[PDB]
$ cat work14.cif   # mmCIF, N, CA and C atoms
data_structure
loop_
_atom_site.label_atom_id
_atom_site.label_comp_id
_atom_site.auth_asym_id
_atom_site.auth_seq_id
_atom_site.Cartn_x
_atom_site.Cartn_y
_atom_site.Cartn_z
N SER A 1 -28.12 -25.22 -45.32
CA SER A 1 -29.19 -26.18 -45.10
C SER A 1 -30.14 -25.76 -43.99
N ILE A 2 -29.63 -25.27 -42.86
CA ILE A 2 -30.50 -24.88 -41.76
C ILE A 2 -31.20 -23.58 -42.13
N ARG A 3 -32.50 -23.52 -41.88
CA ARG A 3 -33.26 -22.32 -42.21
C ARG A 3 -34.23 -21.99 -41.09
N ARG A 4 -34.59 -20.71 -41.03
CA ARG A 4 -35.68 -20.25 -40.19
C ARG A 4 -37.00 -20.55 -40.86
N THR A 5 -37.91 -21.17 -40.13
CA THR A 5 -39.16 -21.62 -40.73
C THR A 5 -40.28 -21.55 -39.70
N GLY A 6 -41.39 -20.94 -40.10
CA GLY A 6 -42.61 -21.03 -39.32
C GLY A 6 -43.09 -22.46 -39.27
N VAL A 7 -43.19 -23.04 -38.08
CA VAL A 7 -43.59 -24.42 -37.90
C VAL A 7 -44.78 -24.45 -36.94
N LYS A 8 -45.81 -25.20 -37.32
CA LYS A 8 -46.95 -25.46 -36.45
C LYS A 8 -46.51 -26.09 -35.14
N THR A 9 -47.01 -25.55 -34.04
CA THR A 9 -46.80 -26.07 -32.71
C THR A 9 -48.16 -25.96 -32.03
N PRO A 10 -48.45 -26.81 -31.07
CA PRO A 10 -49.78 -26.72 -30.47
C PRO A 10 -49.95 -25.53 -29.56
N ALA A 11 -51.16 -25.43 -29.01
CA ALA A 11 -51.54 -24.37 -28.06
C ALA A 11 -51.49 -24.80 -26.57
N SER A 12 -52.59 -25.38 -26.07
CA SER A 12 -52.69 -25.82 -24.66
C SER A 12 -52.07 -27.20 -24.40
N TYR A 13 -52.29 -27.80 -23.22
CA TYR A 13 -51.67 -29.09 -23.04
C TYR A 13 -52.71 -30.12 -22.69
N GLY A 14 -53.74 -29.75 -21.95
CA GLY A 14 -54.78 -30.73 -21.71
C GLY A 14 -56.16 -30.34 -22.19
N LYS A 15 -56.70 -31.12 -23.12
CA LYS A 15 -58.14 -31.16 -23.31
C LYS A 15 -58.81 -31.78 -22.10
N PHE A 16 -58.11 -32.69 -21.43
CA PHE A 16 -58.59 -33.36 -20.23
C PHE A 16 -58.49 -32.49 -18.99
N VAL A 17 -57.64 -31.47 -19.00
CA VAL A 17 -57.48 -30.57 -17.87
C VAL A 17 -58.39 -29.37 -18.07
N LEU A 18 -58.60 -28.58 -17.02
CA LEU A 18 -59.19 -27.26 -17.16
C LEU A 18 -58.37 -26.39 -18.11
N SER A 19 -59.04 -25.91 -19.16
CA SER A 19 -58.46 -25.01 -20.15
C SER A 19 -58.80 -23.57 -19.82
N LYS A 20 -58.73 -23.24 -18.52
CA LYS A 20 -59.03 -21.90 -18.00
C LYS A 20 -58.20 -20.81 -18.66
N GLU A 21 -57.00 -21.17 -19.15
CA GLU A 21 -55.92 -20.41 -19.80
C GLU A 21 -55.20 -19.51 -18.81
N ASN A 22 -55.68 -19.45 -17.56
CA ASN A 22 -54.83 -18.92 -16.50
C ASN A 22 -53.91 -20.03 -16.01
N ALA A 23 -54.48 -21.00 -15.28
CA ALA A 23 -53.92 -22.31 -14.93
C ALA A 23 -52.63 -22.29 -14.10
N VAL A 24 -51.98 -21.14 -14.01
CA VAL A 24 -50.80 -20.88 -13.21
C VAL A 24 -51.07 -19.62 -12.41
N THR A 25 -51.54 -18.59 -13.12
CA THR A 25 -51.78 -17.30 -12.49
C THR A 25 -52.98 -17.35 -11.57
N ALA A 26 -53.96 -18.21 -11.84
CA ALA A 26 -55.13 -18.30 -10.97
C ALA A 26 -54.78 -18.92 -9.63
N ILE A 27 -54.08 -20.05 -9.66
CA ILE A 27 -53.63 -20.67 -8.42
C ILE A 27 -52.53 -19.86 -7.75
N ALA A 28 -51.81 -19.02 -8.49
CA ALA A 28 -50.93 -18.08 -7.82
C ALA A 28 -51.68 -16.87 -7.28
N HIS A 29 -52.90 -16.62 -7.76
CA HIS A 29 -53.78 -15.63 -7.18
C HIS A 29 -54.60 -16.17 -6.02
N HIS A 30 -54.54 -17.48 -5.76
CA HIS A 30 -55.53 -18.27 -5.01
C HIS A 30 -56.02 -17.66 -3.69
N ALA A 31 -55.29 -16.70 -3.11
CA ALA A 31 -55.85 -15.86 -2.05
C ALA A 31 -57.10 -15.10 -2.52
N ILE A 32 -57.17 -14.72 -3.80
CA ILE A 32 -58.38 -14.19 -4.42
C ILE A 32 -58.53 -14.84 -5.79
N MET A 33 -59.73 -15.33 -6.09
CA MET A 33 -59.95 -15.93 -7.40
C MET A 33 -59.99 -14.89 -8.52
N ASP B 1 -65.41 -29.57 -19.35
CA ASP B 1 -64.40 -29.77 -20.38
C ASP B 1 -64.63 -31.07 -21.15
N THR B 2 -64.53 -32.21 -20.47
CA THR B 2 -64.45 -33.48 -21.18
C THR B 2 -65.51 -34.43 -20.60
N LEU B 3 -65.45 -35.72 -20.92
CA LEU B 3 -66.39 -36.68 -20.39
C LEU B 3 -65.98 -37.22 -19.03
N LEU B 4 -64.74 -36.95 -18.60
CA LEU B 4 -64.18 -37.55 -17.39
C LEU B 4 -64.02 -36.58 -16.23
N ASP B 5 -63.95 -35.27 -16.49
CA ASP B 5 -63.93 -34.33 -15.38
C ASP B 5 -65.27 -34.30 -14.64
N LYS B 6 -66.36 -34.68 -15.31
CA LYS B 6 -67.62 -34.87 -14.61
C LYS B 6 -67.54 -36.03 -13.64
N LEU B 7 -66.84 -37.11 -14.02
CA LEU B 7 -66.59 -38.20 -13.07
C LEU B 7 -65.65 -37.78 -11.96
N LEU B 8 -64.71 -36.90 -12.28
CA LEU B 8 -63.81 -36.35 -11.27
C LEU B 8 -64.56 -35.50 -10.25
N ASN B 9 -65.48 -34.65 -10.73
CA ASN B 9 -66.36 -33.91 -9.84
C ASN B 9 -67.30 -34.85 -9.09
N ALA B 10 -67.68 -35.97 -9.70
CA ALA B 10 -68.51 -36.96 -9.02
C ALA B 10 -67.76 -37.60 -7.86
N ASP B 11 -66.49 -37.96 -8.08
CA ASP B 11 -65.64 -38.46 -7.00
C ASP B 11 -65.40 -37.38 -5.95
N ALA B 12 -65.33 -36.12 -6.37
CA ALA B 12 -65.12 -35.02 -5.44
C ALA B 12 -66.31 -34.84 -4.50
N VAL B 13 -67.51 -34.75 -5.08
CA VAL B 13 -68.74 -34.65 -4.30
C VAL B 13 -68.96 -35.91 -3.47
N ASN B 14 -68.56 -37.07 -4.00
CA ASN B 14 -68.74 -38.32 -3.28
C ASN B 14 -67.81 -38.40 -2.07
N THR B 15 -66.56 -37.93 -2.20
CA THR B 15 -65.68 -38.01 -1.05
C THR B 15 -65.98 -36.92 -0.03
N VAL B 16 -66.50 -35.76 -0.45
CA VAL B 16 -66.88 -34.79 0.57
C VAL B 16 -68.19 -35.22 1.24
N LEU B 17 -69.06 -35.93 0.52
CA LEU B 17 -70.25 -36.50 1.14
C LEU B 17 -69.88 -37.62 2.10
N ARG B 18 -68.83 -38.38 1.78
CA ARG B 18 -68.35 -39.41 2.69
C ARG B 18 -67.71 -38.81 3.93
N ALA B 19 -67.02 -37.68 3.78
CA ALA B 19 -66.40 -37.04 4.94
C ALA B 19 -67.44 -36.39 5.86
N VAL B 20 -68.44 -35.71 5.28
CA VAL B 20 -69.53 -35.18 6.09
C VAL B 20 -70.40 -36.32 6.63
N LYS B 21 -70.43 -37.47 5.94
CA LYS B 21 -71.04 -38.67 6.49
C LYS B 21 -70.31 -39.15 7.73
N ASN B 22 -68.97 -39.15 7.69
CA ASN B 22 -68.19 -39.52 8.87
C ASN B 22 -68.43 -38.57 10.02
N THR B 23 -68.57 -37.28 9.74
CA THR B 23 -68.85 -36.33 10.82
C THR B 23 -70.25 -36.51 11.38
N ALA B 24 -71.27 -36.56 10.52
CA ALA B 24 -72.64 -36.70 11.00
C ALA B 24 -72.92 -38.08 11.59
N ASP B 25 -72.06 -39.07 11.33
CA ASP B 25 -72.08 -40.28 12.14
C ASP B 25 -71.39 -40.04 13.48
N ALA B 26 -70.09 -39.71 13.44
CA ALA B 26 -69.25 -39.80 14.63
C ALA B 26 -69.54 -38.71 15.65
N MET B 27 -70.05 -37.56 15.21
CA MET B 27 -70.58 -36.55 16.11
C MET B 27 -71.69 -37.13 16.97
N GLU B 28 -72.61 -37.85 16.34
CA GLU B 28 -73.73 -38.38 17.08
C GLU B 28 -73.35 -39.66 17.83
N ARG B 29 -72.33 -40.37 17.33
CA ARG B 29 -71.72 -41.45 18.09
C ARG B 29 -71.12 -40.93 19.38
N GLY B 30 -70.42 -39.79 19.32
CA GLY B 30 -69.90 -39.17 20.52
C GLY B 30 -70.98 -38.62 21.43
N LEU B 31 -72.10 -38.19 20.84
CA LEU B 31 -73.26 -37.78 21.63
C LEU B 31 -73.81 -38.95 22.45
N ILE B 32 -74.02 -40.09 21.79
CA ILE B 32 -74.36 -41.35 22.46
C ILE B 32 -73.33 -41.70 23.53
N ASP B 33 -72.05 -41.54 23.17
CA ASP B 33 -70.92 -41.89 24.03
C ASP B 33 -70.95 -41.10 25.32
N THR B 34 -70.97 -39.78 25.22
CA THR B 34 -70.91 -38.96 26.41
C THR B 34 -72.22 -38.96 27.17
N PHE B 35 -73.36 -39.22 26.52
CA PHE B 35 -74.58 -39.42 27.28
C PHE B 35 -74.48 -40.66 28.16
N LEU B 36 -73.96 -41.75 27.60
CA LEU B 36 -73.76 -42.97 28.39
C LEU B 36 -72.71 -42.79 29.47
N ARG B 37 -71.62 -42.09 29.16
CA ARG B 37 -70.55 -41.94 30.13
C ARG B 37 -70.96 -40.99 31.25
N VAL B 38 -71.71 -39.94 30.93
CA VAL B 38 -72.29 -39.07 31.95
C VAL B 38 -73.35 -39.81 32.75
N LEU B 39 -74.09 -40.72 32.12
CA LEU B 39 -75.09 -41.44 32.87
C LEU B 39 -74.45 -42.50 33.76
N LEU B 40 -73.27 -42.99 33.39
CA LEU B 40 -72.48 -43.81 34.31
C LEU B 40 -71.91 -42.97 35.44
N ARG B 41 -71.44 -41.77 35.13
CA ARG B 41 -70.88 -40.87 36.13
C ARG B 41 -71.93 -40.04 36.82
N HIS B 42 -73.18 -40.44 36.72
CA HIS B 42 -74.20 -40.02 37.67
C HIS B 42 -74.92 -41.19 38.33
N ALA B 43 -75.15 -42.28 37.62
CA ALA B 43 -75.97 -43.37 38.14
C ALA B 43 -75.25 -44.15 39.24
N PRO B 44 -75.79 -44.18 40.46
CA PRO B 44 -75.15 -44.91 41.55
C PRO B 44 -75.37 -46.40 41.39
N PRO B 45 -74.77 -47.25 42.24
CA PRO B 45 -75.13 -48.67 42.21
C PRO B 45 -76.57 -48.89 42.62
N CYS B 46 -77.24 -49.77 41.86
CA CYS B 46 -78.60 -50.19 42.18
C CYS B 46 -78.69 -50.82 43.55
N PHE B 47 -77.63 -51.49 44.00
CA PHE B 47 -77.68 -52.15 45.29
C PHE B 47 -77.53 -51.16 46.43
N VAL B 48 -76.72 -50.11 46.22
CA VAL B 48 -76.72 -48.95 47.10
C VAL B 48 -78.11 -48.35 47.19
N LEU B 49 -78.79 -48.21 46.05
CA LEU B 49 -80.14 -47.65 46.11
C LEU B 49 -81.15 -48.63 46.69
#

$ encode --input "work14.cif" --output "structure tokens"
Amino acid sequence: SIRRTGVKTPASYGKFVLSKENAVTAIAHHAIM
Amino acid sequence: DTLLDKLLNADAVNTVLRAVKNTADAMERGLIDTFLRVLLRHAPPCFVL
């Protein structure tokens, strides 16, 4: 019964947030933008 | 991005304008303050004069 299946999953998390796509690495770079 | 991050930037600019408002008030309040306090710490009694 259990099978491997390609399933749609979303991409980003906020349309309301900055979708910079760094969002972790930029603020971890924050000594230099 | 959206319709609300512009309001977020509006609150951001508004609170930094309020903070620089507090400085450009209270700096000059202190200017008034120390001018008066220095003028007290120079001005002798009128009755002495």

$ interface_residues --input "work14.cif" --of "chain B" --to "chain A" --cutoff "7 Å" --atoms "only N, CA and C atoms" --output "ChimeraX atom specification"
/B:1-2,5

$ atom_distance --input "work14.cif" --atom1 "atom N of residue 40 (chain B)" --atom2 "atom N of residue 23 (chain B)"
24.8 Å

$ axis_aligned_box --input "work14.cif" --around "region 45-48 of chain B" --padding-each-side "6 Å" --output "AutoDock Vina command-line options"
--center_x -76.7 --center_y -49.7 --center_z 44.5 --size_x 15.9 --size_y 16.9 --size_z 17.3

$ atom_distance --input "work14.cif" --atom1 "CA of residue 4 (chain B)" --atom2 "atom C of residue 13 (chain A)"
14.7 Å

$ select_by_dssp --input "work14.cif" --residues "chain A" --states "helix (DSSP H, G or I)" --output "NGL selection string"
:A and (25-28)

$ atom_distance --input "work14.cif" --atom1 "CA of residue 32 (chain B)" --atom2 "CA of residue 16 (chain B)"
24.0 Å
